[PDB]
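Residue numbers (the deposited numbering), protein chains in the order written: chain A, 2 to 116; chain B, 2 to 117; chain C, 2 to 118.
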């Protein structure tokens with residue numbers, strides 16, 4: 002899976018990676034996938050807006066080959082938002098998460114398709 | 002909705018905000034969705050290329066739960082491209098816009114899915 | 002097409018430009034799309050992680066109006082991974098590539114939707 006965090010909250014690199022490590026653990030747990038398959042990123046975007054304001058906010062795009070369904074989506078939405086709130090101080094009502102399914106024929110690793 | 006502007010054009014933060022604000026209003030006008038539901042971003046990407054060159058360029062990805070259709074896309078393509086040319090000085094022929102539909106079951110806010 | 006490279010590998014601007022140009026040429030060759038239609042980017046993301054670490058890694062998202070299929074995806078996976086390994090020194094095992102199809106009706110250029118309809 003790939004987890005893209007985009008946020009206007011600035012924290013030091015060690016803290017950023019801490020938050021990602023916890024998000025990686027949640028993804029691994031919920032999707033039943035090893036850490037070996039998980040990409041994550043903390044993208045600091047100073048001009049990011051939500052509801053017409055530059056107040057602290059997070060957007061997460063989570064892309065996975067399978068595992069995108071109501072049960073997993075709900076569980077991860079809860080867990081990821083909690084992590085972001087705790088680690089970044091963001092209000093839960095300023096956290097958006099998008100879930101994307103990708104087919105194995107449309108994803109490559111080490112120069113070859115998964116499918 | 003989410004409106005991601007990716008550009009190699011650099012303007013100060015307040016002016017970046019101003020440009021995004023105008024885009025939000027266009028989105029609100031066309032989709033009928035108030036700014037309360039709209040995320041926007043100005044991502045300065047110095048190495049961004051289009052048509053084989055580093056000339057001033059903008060890519061916009063607009064993701065929305067519904068309202069992705071020919072009439073709405075056509076209207077927003079026109080409006081957003083004009084806003085970018087006005088505020089960033091980008092040539093119309095160096096503006097790409099992608100429209101993405103997303104299901105409510107695949108989108109979460111405040112720790113919960115949008116879908117029932 | 003749009004080719005978004007996201008990486009924690011730092012290289013000089015001119016070298017990033019060189020790498021993107023080669024990726025463009027590969028996309029053009031496989032998909033048949035002119036360079037005139039290709040957007041590309043090198044997004045340096047210092048905290049990008051894969052497999053639990055900040056070790057050298059590349060993620061590429063390639064979006065195109067058509068041309069997304071087994072044969073094209075396979076060929077570009079090979080070509081792009083080789084370019085990245087050559088230019089950035091990334092190991093192939095730390096290169097992910099996602100392929101995305103988009104309808105012409107959902108894509109605009111110069112303020113107008115692509116296609117006729």
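Cβ coordinates follow ideal geometry from the N, Cα and C atoms, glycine included.
Boundaries for residue 84 of chain A: no beta strand (DSSP E) harbours it, while the alpha helix (DSSP H) harbouring it runs 71 to 89, taken from the DSSP string.
In the structure shown, the three-state DSSP call for residue 113 of chain B is strand. For residue 12 of chain B, the secondary structure class from DSSP, reduced to helix, strand or coil, is coil.
A Cβ of chain C is located within less than 7 Å of the beta carbon of residue 53 of chain B. Distances from the CA of residue 5 of chain C to each of C:52, C:116 and C:44 were compared; the closest alpha carbon is that of C:44. The beta carbons of residue 62 of chain A and residue 99 of chain A sit closer together than 7 Å. The bridge partners DSSP lists for residue 62 of chain B are B:5 and B:99.
At a cut-off of 7 Å, the C-beta of residue 43 of chain C has a neighbouring C-beta in chain B. Separation of residue 20 of chain A and residue 33 of chain C (C-alpha to C-alpha, rounded to the nearest whole angstrom) is 42 Å. In this structure, the CA atom of residue 35 of chain A is about 18 Å from the CA atom of residue 103 of chain A. Beta-bridge annotation (DSSP): residue 42 of chain A is paired with A:5. Secondary structure of residue 54 of chain C (DSSP, three-state): strand. Here the alpha carbons of residue 83 of chain A and residue 54 of chain B stand approximately 43 Å from one another.
For the C-beta of residue 93 of chain B, the chain C residues within less than 8 Å are, from N- to C-terminus, 111 and 112. Residues of the same chain with a CB within less than 7 Å of the CB of residue 78 of chain C, apart from the 5 flanking positions on each side, are 98 in chain order.
Cβ proximity to chain A below 9 Å picks out 69, 70, 71, 74, 75, 77, 78 and 79 from the segment 68 to 79 of chain C. The beta carbon of residue 26 of chain A sits closer than 7 Å to no other beta carbon from its chain once the five residues preceding and following it are set aside. By the 16-neighbour rule on beta-carbons within 10 angstroms, residue 94 of chain A is exposed.
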